[PDB]
Structure formats: structure tokens, C-alpha cells
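Single-structure report; data block below.
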Amino acid sequence: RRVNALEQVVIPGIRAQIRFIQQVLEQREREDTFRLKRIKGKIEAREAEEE
Amino acid sequence: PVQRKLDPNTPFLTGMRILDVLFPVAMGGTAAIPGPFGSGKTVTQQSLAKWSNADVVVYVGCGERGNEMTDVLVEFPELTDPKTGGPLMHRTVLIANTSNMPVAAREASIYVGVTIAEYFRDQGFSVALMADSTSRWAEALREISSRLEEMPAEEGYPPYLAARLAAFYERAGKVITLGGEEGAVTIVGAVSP
Amino acid sequence: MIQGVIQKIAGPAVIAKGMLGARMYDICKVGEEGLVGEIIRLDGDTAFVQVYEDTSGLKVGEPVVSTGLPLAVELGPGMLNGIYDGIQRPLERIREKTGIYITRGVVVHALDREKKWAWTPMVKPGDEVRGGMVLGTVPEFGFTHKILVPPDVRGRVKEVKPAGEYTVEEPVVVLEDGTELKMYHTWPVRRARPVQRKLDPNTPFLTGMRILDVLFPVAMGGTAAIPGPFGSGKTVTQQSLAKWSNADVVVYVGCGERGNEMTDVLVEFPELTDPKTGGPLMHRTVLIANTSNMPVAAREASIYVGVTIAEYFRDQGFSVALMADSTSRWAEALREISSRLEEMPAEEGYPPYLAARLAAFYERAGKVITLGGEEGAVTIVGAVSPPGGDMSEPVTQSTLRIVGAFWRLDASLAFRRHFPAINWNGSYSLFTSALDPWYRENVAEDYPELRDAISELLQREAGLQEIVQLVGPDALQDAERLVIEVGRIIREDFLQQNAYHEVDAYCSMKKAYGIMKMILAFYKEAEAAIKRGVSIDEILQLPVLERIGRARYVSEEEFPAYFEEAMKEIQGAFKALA
Amino acid sequence: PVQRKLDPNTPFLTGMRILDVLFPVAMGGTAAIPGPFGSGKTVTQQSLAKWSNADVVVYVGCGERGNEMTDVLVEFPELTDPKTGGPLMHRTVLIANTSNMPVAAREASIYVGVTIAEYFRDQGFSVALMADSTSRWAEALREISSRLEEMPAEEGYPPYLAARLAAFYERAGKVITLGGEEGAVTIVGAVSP
Amino acid sequence: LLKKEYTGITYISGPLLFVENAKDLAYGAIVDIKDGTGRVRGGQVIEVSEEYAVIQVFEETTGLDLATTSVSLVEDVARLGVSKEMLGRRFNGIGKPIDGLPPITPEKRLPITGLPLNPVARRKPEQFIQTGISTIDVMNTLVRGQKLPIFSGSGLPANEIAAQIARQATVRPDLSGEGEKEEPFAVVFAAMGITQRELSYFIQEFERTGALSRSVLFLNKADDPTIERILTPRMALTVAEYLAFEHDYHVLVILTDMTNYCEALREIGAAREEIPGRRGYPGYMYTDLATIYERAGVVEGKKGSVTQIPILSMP
Amino acid sequence: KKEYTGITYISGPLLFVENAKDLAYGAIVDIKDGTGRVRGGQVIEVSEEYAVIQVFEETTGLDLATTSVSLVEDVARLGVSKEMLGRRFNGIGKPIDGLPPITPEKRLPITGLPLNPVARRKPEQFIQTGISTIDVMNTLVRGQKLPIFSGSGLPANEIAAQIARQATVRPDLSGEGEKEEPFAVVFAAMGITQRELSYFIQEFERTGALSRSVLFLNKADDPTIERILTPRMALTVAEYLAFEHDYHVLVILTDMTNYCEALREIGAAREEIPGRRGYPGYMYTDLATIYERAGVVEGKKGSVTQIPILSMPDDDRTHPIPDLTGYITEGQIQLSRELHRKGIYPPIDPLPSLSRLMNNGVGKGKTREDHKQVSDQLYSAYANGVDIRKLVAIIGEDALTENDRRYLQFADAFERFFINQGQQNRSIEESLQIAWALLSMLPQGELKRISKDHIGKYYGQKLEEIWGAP
Amino acid sequence: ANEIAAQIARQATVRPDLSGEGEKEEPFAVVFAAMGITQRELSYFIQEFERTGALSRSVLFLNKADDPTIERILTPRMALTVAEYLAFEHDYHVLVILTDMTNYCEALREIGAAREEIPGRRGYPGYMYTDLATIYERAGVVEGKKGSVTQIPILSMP
Ligand SMILES: Nc1ncnc2c1ncn2[C@@H]1O[C@H](COP(=O)(O)OP(=O)(O)O)[C@@H](O)[C@H]1O
Ligand SMILES: Nc1ncnc2c1ncn2[C@@H]1O[C@H](COP(=O)(O)OP(=O)(O)O)[C@@H](O)[C@H]1O
Ligand SMILES: Nc1ncnc2c1ncn2[C@@H]1O[C@H](COP(=O)(O)OP(=O)(O)O)[C@@H](O)[C@H]1O
Ligand SMILES: [Mg+2]
Ligand SMILES: [Mg+2]
């Protein structure tokens, strides 16, 4: 009974939690690099007003 | 404008046992019904349109299917009003803006519906307002902000989403109108995470 | 042609002014040293060129010259028995003039420009020529190389050189419009060569390893993938496919990987022998080799060069097998290049167009009718290396969507020294239902019906795995002991194969068919005897059991008499026992 | 400047059982104590100020509450120095920069404290230096880098943060002073993730 | 009509190129791009302003240069020539025949983006379809005018299910008495990024059934340019709408592997650096998908009907 | 000679210089202010308008009126000589031991040219490191790149010092005795503190190991571009010695985590967009240009062997630094914290360790012929012992069979004697003797992996020999 | 949370007989600062203060949910200014309640995002620590004075 419970119930929930946390962290990283991509373009646009 | 706002003290009867017994909502309150796809938000809202004891029902189909809007146009002119002998459609106002219709018009539909509901409140009626989906309004705001080159807060949403949502849900409540009469507006809004 | 000067240097990115008229993705010569690079962005009078090798030591004002052509390979005689890097530079001739290192800006030619060939013209003046036809033949090792016209060339033949000794540079056919046709031509690596029509994959591509071509077959012109961990057979199964398959010409493409792993295959391959002729295996293969420290552009463009060479050998009527080793490294190089272009990432840092590139690489395989009317096919086998065995990586997910076969390896069977160590409950093939009409005509009538028997017999033990780890095997009922023992002998005689053995390294299809027929005869007669209430211990001691083990090592010519004798013995054994 | 660095061979006694027995710190070594809010970081540092055997104690309050410095000023004059018998406050120097004080002064307080500690090192004393929070220094650097419009790394911190942190910690150690005496500075720094 | 050409290219990078003096190019027009070698590429205007106009290319930009490239206008709105003779033909996904037959003669020219149906003008779908599969007919029944995708896997046989559904679908009028005869479905088949192995299976099944004589195929193979993957379902839906609502046909639309369509959209969205969504997909994917799905249904006062069975693979 | 005075911008680690189009990209410059102090710098951008110089050290005291910039050299070069043996350098070639500077025989660019893949040959000889767990079960081969994975508090530095002090070649075991071969060790330290610097200084000189070693030592507070430059100079010296004097060299890279962090900071300073988890997108190629400089060359007698050392940030093997290293190197040696807390030194964990070039270095003619099967048997027995020890805590010692108790005792004896060697130096013969003595406690016939010929030749010795010095 | 805050404001008192300070008790003065409060909670707070009779001692700063967002920047500062003035000039014992700091943080994030400042975690501005410190750190007790300021902020965890 204990072996079957550990195989069928405990492990898949843990694995789903791993997947969910990984997705959240990756999505936050993508949101954070988007801002840097905007800011570099703003820096490049700033120093071109009259060279 | 109104004169005063009052405390809700009478139930808003929906006809569903679990909502009317375990999780009641008063006449003039607000509620939200989130859920994934296939859960049953639209059937729950159309049942509330059919069976509730509100005098005038306003339905706002903000950015959803067009077949759901044809079902209302076909079924309602035959059904019977719960509190009078007339047809059910004689008490209902529909504002329709489907998904393939222009995006920017999604924002205006919510304001039009809430202004009509407020107008019927001033006459002394009890009005029920049902928003089919507010996530589409949020997406319209996101697209406009993307065109404006604003800096997104989270998930691309503009940082002022919580102000607009707060301003929309505030308008509900039980008031004493400028004419001295009594009226109330209750809002039920669906969310599609 | 277009020339300019350097305006700004910042890492590998070079901005050259005065470049009005240059074309996108052309190859330029940057600096006085002769570095090469592609044009990636045009803006007014300037052009953004990214250099492959490092740019240290360059100064503002050094000239920049564009070649006017994109990245391309040279296709012609002399490519067999050769070793090239990712951009078709021969390493052997680089060694002769440089030493043990590779200096920057070295200039060598892919094809030898001073070797005499025996030209033989197959055309006469006045003949109409269109793209894809044959001008003549040139002998090369055990092959008769055909000199084709470029697909874009058409006209009328004016003069033809007579037979004799000529280099690849000497023009052999000149047309009426003044076009000169040599022994070689160039073709861009990112544009697919045209064909007349793509046929159906109705013929099987024979591997020579029993389990692959029996249970998970791949058709001619099909695509397959083979992922797995270290010590799992990835390398040995590929080099066995290279030797024992029915492909005429083999192309081995090695993306950027470990230096000693490259040294292993660079050393052992000249030792291998071609089974058809007994000569060296090097005489019919082309090698592309790249280490992890070579420029990233060569590593990224390595597989395109190999697939273009395979297409060129397909256009002459041969059957070509292409082996892409560790496409994960190619994906890593693509990720690095996309990072250098400041693209927005998706998933695990990969560019959003990874799946499009993987699809555009795999679709060049297939059996076609060439422009000259001959038939040919290209078969692609691509290895994938997961970081930790996770199948949720973007590369494996994108590969799974397009391949027709999926031979999953696992180290659990390699720990038991069970080779080949593929998992037979994780693998699948999609060419089974289309190969059946060929199967029931060329092999035997019952073969598609017989394969399901082996599959179900192997399946039934997977439903008995929940009781064997609890209760010992000997305590099982005889009706289940029979299934366990016959499945065991299946695993230890049919699934396993010794690639180093003299006769076990190659198995024809009728041999495997006889083995499955004989195993079914054993199982059916054993079940019939079990129905008569006998002990299963006397069944396990039967002399026919060693006849089952010995069936692997019989010669291909010697097999049928052995099969008939085994059939007689197994028919005599079971109904002699009461 | 100093004459020669030395190898640490004498323990720094704090009075805590677990820290003195299981995780010792030498006389010229460095240590860090990170943790979330409420873990006990500040109480540990004030106990170290109260009970350690260092000759002079320097406390640097980079960005914490003001009551934490009011407690030191109220309590310390009444206690007794373990190794001289006088009041405990006679051996303590406090540098205070509370949370609501201006941001740009956070960077200067760390350097002032470490410079005073190095000055007391040259006279032959052994000094213990404690920083209440080194994360607030990083936050101040981020705030200033935001105005400078330079591109940050990872969590918005400026790229040169690691060089500053390395240059701060390497001022510790047991030395031979220019006057021929021997001194030592030990640094304990709290981190607030 | 006279043609006009613009030669003032100023900037080329990736799929986008900038034209300086193109003041009179309408937003959303289709242009033809020609280089010095005579090759012709297509493109669409995606942003027009006083200073310049931005044009995205339908394929790769290899070979273009600022000196000899010229951009010529074709039409202000992307349109497709439709006709009744298109039944039994094959097209490459941008409107060109592949079968080698001469091109058709258009009856009308219609915009490929279509127009939204008026919700008042619709009617409720009511006719039950007997497909022959018990898990579908009894428990998930299909009605004429429904969009009902198949959520496939990586190696699951969804193509066989789609072919079997198309082979056996019938309306069964005897159970209602609202008609007679055996009025068959027309089939519109659109493939996006399909490979040769599945294309061969579909072609042989359609020829074996004999329904290829009343079907229109739009084929965009996996080695074709990626921007053509965007346009392919729109023209198929345009043909389906035209046939159903102008010749009273009952059409059935099959879209294969719209996951490829979604990655195709994501590539362009990343190139245009617009705001992303949940997993890097653009934030407007819901609207774009709605402009494809919501073109089915039935219309009051008309006999035709459109039915869609999309196919997609869950990652 | 020429000096540029057109400074127009100073902010943080960068400064701009006008009319500097004659400066080559990547050159090294000298910066002088009004007080005569001199700082270094490197050019990272050259343009028609201005050049961008990244400055070593802090920029305190600079001003736009008195600052001048002069060129040092166009390409970073290092002067090499055989006299570098026994010398200590600061990471950019400047001596710190107080001895006079060496006279260079040649000046080579520090960035190395790639080796031609057809010019390499397969590694075939081993190095005796003196550690039983490495020599017997994770053998290092001449030309291999075998990194060491360590935690935070684990003694990686002491293991590095012991390996550098004890490593030697064994020509007497190979063939007919071979012929005496020169040997040298190149040591590179990056991001170390003062305590580690002093420890290495005492360790390399207290036992005479300095006379055959070259030390490149870079402190934690030093400028971080020197941290980037240090391992390339170390590999340049190693390549020069090995391929121009037939030396057998061994290169130890003390901490690659500091190198990766310095690379990240430099990439952030030059306004690059980061990749995965903030790290630069080109880290794979940058690490490949360091690791792949080792190997052995056909037609030459020398060899280069690398032992990188890196500290895993959060014991996370999926971190980018361990992940990218695993794609290029041949196996790993992992230190175990559980063994470290129990008093065992060195805490090398045999179970997750692996050497991918073992099969080509061990065998007859280059070591004892029973090496491979003994290693396999030891691994398989320890794997059973560590699980039987866990089962004991639940089901008790009595419920086991006899052979399970033998395995349980074998695991304890293995951990006590084989791994825990202390500071001793063990030859390969002594390690094999101890291994065969440990296998002797198992009954004959339980050793499935070993053939009968070696079992009849070596089985049966007692463990009392090593019990005199545990 | 609002009911607990109202109960605390209703029942809180010192115990001079235990501490021995001797001074007989006088009630707290309440300063109430609401940011983005709804009518449903505002009516409850008003009725509770009416029933407990504390409106004669209380100053209320109200910023309702439909009021403009940027006004939330100023309200806590003026509430604490009035509390500081009363406590440290007229020796009152002042209790301060802030209804929702989350609505203050959203109003700060809007201005931060409109100004293109470098964000911290989850898009909030990097200087939010200092801005929140300038609000919380205005409470405490001053040597040589009778007054005191006590703060009970309320915030909703997302
Ligand atoms: N109260 C209910 N009784 C019976 N069926 C229901 C009920 N609520 C939902 N359903 C079922 O849910 C299905 C679709 O739900 P729907 O209203 O579309 O949810 P959503 O709009 O959120 O996707 C309908 O086919 C209906 O059969
Ligand atoms: N069919 C086979 N027959 C014999 N040995 C095999 C077979 N397949 C794999 N091996 C063994 O596996 C080892 C590892 O080879 P392989 O896994 O192909 O390369 P890699 O480990 O680089 O993937 C080889 O030493 C070989 O002896
Ligand atoms: N050694 C200790 N003995 C008793 N209580 C302690 C000890 N350390 C911490 N605490 C309790 O834990 C709390 C931690 O507070 P403090 O250290 O000031 O905050 P922070 O760690 O967040 O800076 C204190 O209120 C104190 O009561
Ligand atoms: Mg709905
Ligand atoms: Mg604290």
C-alpha cells in the first residue's frame, strides 16, 4: 500500500509543482529582458538628437 | 450623481440553490465568477438573466462568441417574464461586441452598458448587469498600451488596470436617487484566466 | 565589384561605409588579413558585416571587399575520401602549409585544382541541353562520377573537348551563347536543389540490425531520430548503419563536439573496410568535422553543407544516407548566433524560428525522380542529446513533430551489457502501415501478421511486471512461466545483436522472419503441451532451446537448411512428449 | 597602508555556543549572516557587540530602524565592559544612517566605519566591525544607477557591485602596522535577501 | 491601369524594409518587390507614415540591395479571385496552381480578411450530423455550422480520424423529414507546414474515396516560406464562405496543424518586437485566432453552411 | 610615443577619447592624470569619431583637462622562457616574488590558435595523482580534461595543492621501461583571497614543489579584466613548453565560477544583452576556447592536461556553469559534503564520479592488467553496501542474510581505508594492493565481474598491512 | 482584517495599576487614512465609530475607490503630519490606521512606470523601500514629551 501510494500520488504532484515553478520563473525572466531591450533602444535614440 | 448610498439588505434571487443558499449576494452587491474554458460561466449568466427577480436586465457580451448572442435573440422573445405576463425580451437590453469585431470597441461597450444600467437605476428600478468577460477588456487595454509604447507592469498589462477595474465595480450599489426614489444596481462579471 | 572601408569596430560586428550596392547575406573580405563575413543589415551608404574569426588587431580604414555571392559549396569530382570543416575547407591540405594550428585568413580550395581526370564526353555539337542532364563521365574509385550541368543552365552545345586528361578548371563544354561549362559548379547551401517529382516511401531502408528493421522500420527517403545518454550506443549504431546499410554513398556530419571524440572517429574510420568491395570505407564517404572551439558560423552551417552534398550525390542516381551527429550542438550554435543578433528569446533561450529551421533541414530527405530521369533518395538519421534525459526540451519536441521514426536509447539496458539498448516500449515507427504491401510480396505473405505476434508476446510480460518483483519467478504458474521464458529467449536471441561478430553483425530479412516463425512454433507447441498438464521444467530442458540460441550465428547462405532442420526438430520434440 | 599581512591563528570569541564551537571565526577573518526578516540577524550582532573580547567595537547602521540605535544608546552606558570593568559604551563607536535618512549617505557610512576601524587597527588594538545590512548599500547603488541611465545586470544592480563588495571585505585581516605593533580587524556583515 | 514604382529604399534588416517617399501607399496594400536579377517577391505594407513606409517580405531577403531594388504597387487590399471552377484544383497557398493546369477565370474578387457576420443575421445551427463514430455521435455530437477542433498529440493518429470523419459524414434527413436525397459535402482542405508523408496519405485517401473531384486543396509544404503560412487559412475560408453563401453548398473545412500557424505568428511578432504574452506568443493571438474561427456558422434566409474541423497538437 | 588628450566623457569604468582612429581594437593603453599616477586600460570600440577605453582600477582623480592616453601594444602578448619555472606572476606577467624579470625567448599572443583536428592523436597514457579514488576508479589520462565539482565549504584548495604536489608520471610501468620524461605543473588562481594566497605560497615552497611549477595568482580585489586574461596566459605558457620542449605539463584552474562572474560583469559593462539567467549568450564558445586548448599532438612527445575546478553555486547541477562544462569535458570528480562532515579526507564520492577516457589508458603494457575489472567490482560492491546500510536502520541487523552483512562491513571498511587516505602518497601498486585486500573480505565466487585468472593470483591478503597506517 | 482593526481601536487601553505609572487613563485620538476604500467597508467603519462614540476624537482622510489614483500619494503623509503635530505639540496619544497599503503601492507603481524608472521585483519601482520607510518611520516616542504615535497599517497579501 505504501509503495503504490508513493508511486501513484506523491510523485506526480511534486513533478507538476516543479513544472509550474519553472514556467513562472522563465516567464518572469522574459518580462525582465524585454525592459532592457527597450532601454538600450532609448539610450541609442537619446544620443542622436544633434550627434 | 446620487443623493446617498444605502446598505444592501435584501437578497438578489438567482434561482440556483448553491448560489442562493451557501454564497448569497445582496441587492446592490458585486460578484465575480472566474473559471477555465468549459466550466459554465455563460450558462450561469444566461440562467441569471432568465430567472432573476430584477426588473431590467442588461447583458454585455464583451468580446465573446456570436452564436451565444443569437441564442438570446432567438430564445428570449418566446419565454415568459417571471414577474409579469409579457415576453422575457421586453425587459432585456443587449450590447454585443463579438471577438472578430474591432478590438478598440470592447472598451466602450462596458461603459455604455454600465451607463444604461445607471440610467435605469435613476427611475426607481432594480437593475442587474452581467459582463460576459472582462479579460477581453483587459486585452484591449493591453493592445492600446502596446501601440502607445508604454512600459508594461506584468504580463504586458498596463500599470493602470486596477484603477479602471475599481472604477467599473464602484458604480454598483443601492442608492437614493436625485428624485427621492429608491434604486439599485448589481454587477456580475466573469473572468477568463 | 563593391569595395569599402571600415568605419567602426566593436567585437565581431564591423560597420563598413561606401558599400552602396552590396547585397544581403553576401560574403565579404574584411580587413587586409582577408577575414570573411556575412552582410546582415543594410542602411544607406553603410553595411553591417559580422566577421567569423576574431577581429583583434583591426584598424579603422582597412578595405572591405564583397565577393558578390552568398555562402556556397563547390560540387564536383574529388569530394570522396575527403575531410572538411563546417565551411568546406579541406583540413589535410591546410595541415600541409600551416602546421598543427589553424591561422586566420588562410586561403585554400575545396576541390583539388591540379589533378588529372579521365574525361569521356557523352554529347556532340548541336545537341539541346537543359538543366540536370549528363555531359559525360569521370571514373572515381568504384564509382563512375557523372558531370551534370547546373539546374539554371540551358542552351545548345557548340564545342566539346575530346577524351583525355583534364583538370576540374579546364572548360569541357561551351554553349552557343558563350557559356562555359566546367567539371564543377557552385550552389548556395540554403536553397534546395530542384527535382521533377517526389515519390512515395514504399520501399524499406535496410539497416542490418534486427530490431530496427523488424520492429521500427524506416523507409527509403525517411527521417529518424535516436536520442540517448552516454555509453548508450549512439555512436556504434551509426557507424554500423554506415557499413551495413544498402546506401551507396555515406555522409557523416559532426557538429561542434569534443576534440577527443572527433579524434576517435577521425582515426578509426580509415581502418574500416567496405563489405561490398573489401577496400577501405573511406572510399565512399565524405566527412565533415567540427570541434567546439572553431568559429560558431561554421558549426551552424555544418549540416547545410552536408545535406547539399548529399543532394548533389542524389541527383546522379545514387542512394545516400546522411548522419547528423548531436544536433543539440547545432541548436546551441544557433542560439548563440541569435543572441549575437539581439533577437528576443523564446522558451529556453532559443530563437522563435528553431522549429522552422529544423523542418527546413529534415524535408530535404525523400525519394525523388531526378531532372535527368534517374531515381535517387536521401535518408537522414539525426542524433539528439538531452541535457538530463528530459524529453520536454524544445529541440526534442520540435524533432518529434516531424520524424517518422524515433529510436529511444536508455542506459538501463546498457548496464546489463544488452546491446542494442533501445527501449522497445518507448520507440515507434510510422512507416509500418505503408511498407506492408512490399513486405507481403518480397519477404513472405504472413510477415505483417507475424510481427504482431512478437509485439503482443513482448507486451504481455509488461503486464506481468507487477508480480515478479513481489514473488520470485519460480513460484509463478506454468501458464505464466511459459510467457516469461519465451519472452526472455526473445530478448536474448532476437532483440540482442553483436555488432563486433563476424556473422551476427548483418542479418537479412528472411533470417529474422524464420527466427520469428520458429519462436512462434515453439510457443504454440509449448502451450499445447502445457494444456496436457505437464510440468514446465521438462520444457525448459528441451534440446531445441539451444537450437534457438544458435540461430543467430548461422551464415546467410547456410541458414535455410538450418531453419528446416530446426523446424523438423521442434515438430518432433513436443508431440513426442506426452 | 600596512607593512605585512599575517596568517590568522587566534579565535574571535563571541559567547555563542554554536558559533564559537561549530563555526569558529579567527581574529582577522570575515563572516556573513544572511536570513529573512525576523530570523534574528540584529539580535546576534548586538550580542556580539555586548559580549565579544575585541578591544574596540564599531557598529555601522546602514539602513535599519532607528529604535535599534536608540536601544544601544539607552542600554550600553549601564552595562560593564567584560575586560576592563568600565562602562561598555566607552569602547563603542556608532555610525547611524536610518531608513528615512537620505539614500546617498548609505554608501558613505560603510566606508567611514571601515576607515575608523582601520585607524584603530594601526594603534595595536583589535577591532570588530559590524554592518547591520549590506543589502541596502546595493539598493542605494541601484537607485543611483537608475538616474544615471546605465544598463544594469540581473536584478537591476550595477555591474561593478561585486568589485565594491570585494574591496570592502579585503580590508580585514591581522597585520603588522607601520609602527611595528600588531593589530587586527574582523568584519561581520548581515545580508537581507 | 498604370503602374507606379518606388526606388527609395533606405533600410533593410530581416523581414522588414523601409521605403522613403512612399506617401501614397495604403495601409495593408500588397506590393511586388523586384531585384536586379529579375526575381519577384511579394510583401505587405504594415505601417505607413509621412517620413517612410514599412514593408514586410513574404519570404527571405537574400539578394536585395539598395541600388537596384524597386517596389511596385499591386492592389490596396489583398484580394483573391474566386470562381465555381476551382473545385478539383490544387494551389500553393498564395493562389497559384500546382497541378499544372491553366489558371481559373475569376467571377468576383473578395478580400481575404473577410467581414464579420451580423449576429442578427445568424441563425441557430440545428441539423445533426451522423459521423459514424460512437464516441462522437452519441456523446459529443456534431451539428452543421459548428467549429470542433481535434486536440491531437505528438504521435497520435488525428489525420486518420479526420479522413474517416470526412469519408462518412451524412445528415440523415429521414430522422426528421426536413428533406430528402443525399446532398453531399464539399471539402476545403488547407495544410500549413505539412510534410510529404502526411500529404501523400491525404492525397491517396482522397483519390481512393473519389471525393477529390469536389474538393479544393490549399497546400503549404514545410519547406515553403514561413510568411505564406499566415495567408493560407484566410483564402481557404474565403473560398468556403463564397461557395456556401453564394451557391448553396454545404462545405467542410479542415485545417491541419494550426500549431504551425501559431509559431509562424510568433516569429513575426518577435521580429516586430511587439509585447509578448504567456510563453513568448504575441499578446493579440486571441484576436487573430478569432478572425479565423468565427467565419463559420449558418445564415438565416440562405441554404448554405460552413463547418470547420481544425487539427492541432498539444505540446 | 604619441599621446592623445581629447577626453570628452568619463563615467564609471569607461572613458571616451577623441581623434583616436590610429588605435587598434583590443589594444592596451596607459592613462596618466595630473599627479603622475598611471592606470591601465583596454580599447573596446574604435570608430571614426571616438574610441572607448575600459579602465583598470578605480577612476578617482581623473579630469578632462589633464588626462592623456598613450599606446602600450596593439595585441596582448606574453614573453615566455624556460626560466619561468619557479616563478610567481600577478596574472598579467608582472613578477611578484621580487626576482628580476625574465628575458623572453619569444613573445606570443595570449589568445591561442585552434588545433587542427586531423593533427591530434588518441590519448593512451595515464598520470599517477597519488590519490587512490582517482587513480583506481577515475583515472586521469594524458590529454584529458577532467574537472572537479565542489561545494562551498569543501576543501577544493587543499585537494588542488595535494594533486599539484604529488602528481608524477610512471615510465617504468610502460613497455620496456620507456625513457625519462620532463614534467612540470602550471597553476592558475583566479579570484582568490589573501588567506588562500598565503596558504598556496607556504604549500608550494615548504616541500620543494616550487622548483617545477609556474604560478599565476590573481587576487579578489585585483582588476577583473586581469581575471579574464590569466587562464589564457597560463595555457599559452603550457602550450609553449609542451610543444616546443617536449614537456608533460598539467594545468590547474582554481575557480571557473569567478571567471564566469567576471565575464558576466565585463559583458554588462559593454552594454550586451544577457542570455540564460543573466549570463552572456556566448559563454559556451568562450569556455570552449579555454578547455579545448588541451590535448596531445601526433608527431610530438609533449602533452597538456587540464584539471579545472569549479564551485557549484547552490549544489545545482542544472546551473549554466556546470551544464556548459559538461558538454565539453570528459567526466567529472564530485566532492561529497556528507563524507566531509564525517571526517573523511579527501571527500571524493565514487558513485557520481566518472572518467570517460579510462578504457584507453588502463590495461596491459601501461599499468597492471587487472585494473578495469577491479574498479568495476569495487563500484558494484559499494553500491550494494550503501543501500544495505540504509535497510539496516529499518529491518535490523539480524534479519539480513550473511552476505548482506559482509557487504555492510565492506562498505564501512572501504570508507575507512580506501577513501580516507589523509596526506599520504600512494603509488598505483599500493592502491591496487589495498583494493584487493578490501575485496578479500567478500567470499570467492561472489566477485562476478573479475575473471578467475586474477582471482587465483591476487585474492586472500589480509587488511592488517594498511591497518598499521589508516 | 477591518473588523479586527475596529475591535482593537474599540478595546485598547493601558493598565496603569499593573505598571504602577499612576496616571489615570484617557482615550486615544484616532487618525484614519483610507486609500481606495470601497463604500462597503467605509460604511462599516463609519457605523462602528458612530456606535463607539469615537467620531468626536477622530480625524478622517477618505480617498474612495472612484476618486483619482494619484491622490493616494499624499494622503498618508498628511495623516502622519497631523498625527505628529497633535502628539508632539498637544501631548495627545494618537493611534493611526492605514486601510490598504497595496493601493498606495499601485499608485506609486503607476508613476514609476510612467517615468521609465528601473524596476525591481515584479515591476515595482526600485525606490519603494525608501518611500515606504519615509511613511512608517514617523511613529515612535520622543524623550521629554508626553505624546506618542502608534501605527496599525493594514495590507492585503496578493
Ligand atoms: N448548469 C448547467 N447545466 C447543464 N450543463 C451545463 C451547466 N453549466 C454549464 N453546462 C455545460 O457547459 C458547456 C459549456 O459551458 P460554457 O457556458 O461555454 O462555459 P464557458 O463559457 O466558460 O466556456 C455547455 O455545453 C453545457 O452543457
Ligand atoms: N551493438 C553493440 N555491440 C557491442 N558493443 C556496443 C554496442 N553498442 C554499444 N556498445 C558499447 O558501448 C560503448 C559506448 O559506445 P557508444 O554509446 O556508441 O558511444 P557514446 O558512448 O559516445 O554514445 C562502446 O564501448 C561499445 O563497446
Ligand atoms: N538569541 C535570541 N534569543 C531570544 N530571542 C531572539 C534571539 N534572536 C532573535 N530573537 C527574537 O527574534 C526577533 C528578531 O528580531 P531582529 O533580529 O531585530 O529582526 P531582523 O532579524 O529581521 O533584523 C527578535 O524580536 C527577538 O525577540
Ligand atoms: Mg462563454
Ligand atoms: Mg534588523
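By the numbers in Swiss-Prot, the shown part of chain B spans 194-386.
If you check the header, you will see the structure was determined by electron microscopy, 2.8 Å.
Every residue, even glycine, has its Cβ placed from backbone N, Cα and C.
Under the heading ATP binding site, Swiss-Prot lists B:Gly228, B:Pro229, B:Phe230, B:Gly231, B:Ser232, B:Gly233, B:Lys234, B:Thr235.
Sorting the binding-site residues B:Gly228, B:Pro229, B:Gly231, B:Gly233 by the number of other Cβ atoms within 10 Å puts B:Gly228 first. Put plainly, the binding-site residues B:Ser232, B:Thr235 were compared by Cβ crowding within 10 Å, and the winner is B:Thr235. Ranking the binding-site residues B:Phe230, B:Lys234 by how many other Cβ atoms lie within 10 angstroms of each Cβ puts B:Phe230 at the bottom.
Annotation note: B:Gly233 (ATP binding site) sits in a coil segment as assigned by DSSP.
Close contacts with ligand 4, defined as a Cβ under 6 Å from any of its atoms, occur at B:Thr235 among the binding-site residues B:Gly228, B:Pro229, B:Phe230, B:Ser232, B:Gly233, B:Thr235. B:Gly228 (ATP binding site) carries neither a helix nor a strand DSSP state and counts as coil.
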